[PDB]
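Protein chains in written order, with my numbering: chain A, 2 to 49; chain B, 305 to 352.
Cβ coordinates follow ideal geometry from the N, Cα and C atoms, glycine included.
The block underneath contains the structure these notes are about, expressed in structure tokens.
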């Protein structure tokens, strides 16, 4: 579902939408992914 | 994606992990869930 958000983000960049909000949405998406990866490593740490 | 981390967290509770142990993980999960819902509404905000 995250890649689906990236597809919608890129589609908005192709359609020439607001660069200020698409940039904040991109950096917000990069932050959420970098926090999901850390949350995966914590649950995985309980098994190794 | 994020759905697997929810199932991975719910399964830990099924494995005997008390809600106090996963409190840091369940609060980080919900913080990303609402982050995901906010990012989706921001997408509709541009198309709006």
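Pair within 8 Å by beta-carbon distance, residue i and residue j
{"i": "residue 333/B", "j": "residue 309/B", "result": "yes"}
{"i": "residue 313/B", "j": "residue 44/A", "result": "yes"}
{"i": "residue 329/B", "j": "residue 306/B", "result": "no"}
{"i": "residue 3/A", "j": "residue 34/A", "result": "yes"}
Rounded distance between the beta-carbons of residue j and residue i, thought under 8 Å
{"i": "residue 13/A", "j": "residue 30/A", "result": "About 12 Å separates the two Cβ atoms, so there is no contact after all."}
{"i": "residue 326/B", "j": "residue 317/B", "result": "6 Å"}
Buried/exposed call for residue i, threshold 16 Cβ in 10 Å
{"i": "residue 37/A", "result": "buried"}
{"i": "residue 47/A", "result": "exposed"}
- Message: When you compare the stretch 335-352 of chain B with the stretch 21-39 of chain A, are there three or more beta-carbon pairs, one atom per stretch, that lie closer than 8 Å?
- Response: yes
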